[PDB]
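> Enclosed are the sequence and the experimentally obtained structure.
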Amino acid sequence: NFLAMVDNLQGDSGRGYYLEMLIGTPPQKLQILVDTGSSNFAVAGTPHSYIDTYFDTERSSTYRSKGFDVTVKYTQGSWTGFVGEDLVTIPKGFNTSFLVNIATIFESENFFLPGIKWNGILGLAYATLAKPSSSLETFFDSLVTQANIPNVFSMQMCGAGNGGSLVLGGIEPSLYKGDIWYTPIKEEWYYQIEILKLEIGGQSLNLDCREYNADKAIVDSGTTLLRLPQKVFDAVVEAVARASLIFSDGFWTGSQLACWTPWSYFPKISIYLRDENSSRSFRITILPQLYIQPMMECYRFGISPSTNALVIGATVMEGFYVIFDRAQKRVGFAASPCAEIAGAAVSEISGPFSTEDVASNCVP
């Protein structure tokens with residue numbers, strides 16, 4: 001009954017998309033960030049001045065400690081928590097309770113930030129990324145076993161320029177339009193997919209396709225912006241600058257905002273992904289609406305560099321309906337009715353295209 005799950009997320013690209021969950025007995029209500037870039041279920045376990053509620057294990061008769069803690073470190077921020085298990089229910093989806101591993105954060109640094117509305121995180125990626133180790137069964141793997149649902153979830157994000165949907169156990173036809181296009185998961189850790197080509201203003205960037213997969217290309221709803229490995233970032237900046245022509249250096253680095261819509265002055269950016277048929281690609285396209293982001297207008301460049309990954313973050317996922325088909329080791333993309341600003345399209349999907357002139361394997 002996927003219709004219950006429609007309209008179950010709040011938030012946006014910048015502050016995250018979050019699901020309401022009930023944890024323990026009696027149920028304590030938390031706001032949980034949906035994060036396809038990690039694999040732990042972790043919640044505030046102590047008071048923090050930037051959050052309004054935390055999970056108190058001592059008030060839950062069904063909580064059981066697992067006898068160890070875990071420390072998680074990100075490029076920015078970290079936390080240490082107690083590892084236990086408890087019953088969860090997701091009101092907007094699964095009104096029958098299920099037992100999951102949970103980390104209750106008792107210490108942290110730059111994790112719970114000012115202005116943020118979530119107080120834990122739901123890591124939806126694979127066991128290989130679970131901490132302390134892959135033996136700590138992920139939240140979604142627990143749900144699949146116990147609720148006997150298909151090993152698939154999908155996400156509609158509607159905050160382009162509001163909330164959206166997290167569908168656990170499959171696909172809701174009302175959340176997309178036209179054809180679904182699927183690309184293989186190259187490696188089950190992050191949702192790693194194979195990027196063949198980037199195209200700015202209809203003109204491909206002149207980089208070996210290995211540069212787009214440098215370490216990894218991934219789909220991550222816990223990342224705000226489109227993040228590009230430094231080399232790709234610098235080439236994209238030059239292509240966009242030249243295809244527009246309005247620039248201070250700070251605009252590209254997020255040091256400065258441009259105040260003026262400007263969208264008509266900037267080019268389309270297309271990312272080409274290998275199809276489940278090896279001999280074909282398809283293309284996901286963001287329009288300036290998704291990467292020239294109004295702030296209050298004043299506008300920020302919605303693309304940043306990464307050291308180690310090309311990350312298809314929430315600002316790009318706001319353009320599409322995205323299917324995490326773990327059962328068939330593929331990620332699907334489709335056109336999304338809610339990807340609009342004033343009823344105007346902010347993205348395009350198209351295919352197929354020939355892969356005759358790209359290498360057989362762009363992943364190094």
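Received the coordinates, thanks. Numbers count the residues shown, from 1 in each chain.
> Phi and psi next, for the closest residue to residue 266 other than its chain neighbours.
Closest residue to residue 266 apart from its sequence neighbours, by CB to CB, 6 or more residues apart in numbering: residue 288 at 3.8 Å. No exception for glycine: its C-beta is placed from N, CA and C like everyone else's. As for residue 288, its main-chain torsions (degrees, to the nearest 10) stand at phi -50, psi -30.
> for residue 237, same thing?
phi -50, psi -50.
> looking at it, it is touching residue 254, isn't it?
No - applying CB atoms under 8 Å as the test, residue 237 and residue 254 come out as separate, 11.7 Å apart.
> for the residue nearest to residue 266, what are its contacts?
262, 263, 264, 265, 266, 267, 268 (CB atoms under 8 Å, 6 or more residues apart in numbering).
> Make a markdown table from the residues you listed and add secondary structure and distance to residue 166 to it.
As requested, those are exported to a markdown table (DSSP: H, G, I helix; E, B strand; the rest coil; distance: CB to CB, whole Å):
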| residue | secondary structure | distance to residue 166 |
| --- | --- | --- |
| 262 | helix | 32 |
| 263 | helix | 29 |
| 264 | helix | 34 |
| 265 | helix | 35 |
| 266 | coil | 31 |
| 267 | coil | 32 |
| 268 | coil | 28 |
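> of the residues you listed, closest to residue 56?
Distance to residue 56, by CB to CB, is smallest for residue 263 among the contacts of residue 288, at 47.2 Å.
> how about the nearest residue to the closest one, chain neighbours excluded?
Nearest one to residue 263, counting by CB to CB, 6+ apart, is residue 288 at 4.1 Å.
> Distance check, the one you found against residue 345.
11 Å (CB to CB, to the nearest Å).
> picking that back up, write the ChimeraX selection for whichever of the contacts of residue 288 are buried.
To isolate the buried members of those in ChimeraX, using 16 or more other CB atoms under 10 Å:
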select :263,266,267,268
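> What degree of burial does residue 192 show, as a neighbour count?
21 (other CB atoms under 10 Å).
> I meant residue 129, not that one.
When neighbours are counted by other CB under 10 Å, residue 129 comes out with 16.
> And for the one 5 residues further on?
Close neighbours of residue 134, defined as other CB under 10 Å, add up to 14.
> Surely it and residue 188 touch.
No - between residue 134 and residue 188 there is no contact under CB under 8 Å: 10.6 Å.
> Show me the common contact partners of those two, please.
residue 128.
> Quick check, central residue of the protein?
The centroid of the chain falls nearest to residue 221 when counting by CA atoms, centre = their mean (1.2 Å).
> That residue against residue 18, yeah?
No - contact criterion CB under 8 Å: residue 221 and residue 18 do not qualify, at 10.5 Å.
> Could you give me the buried positions within stretch 188-206?
189-200, 205.
> and that stretch, how far apart are its ends?
29 Å (CA to CA, to the nearest Å).
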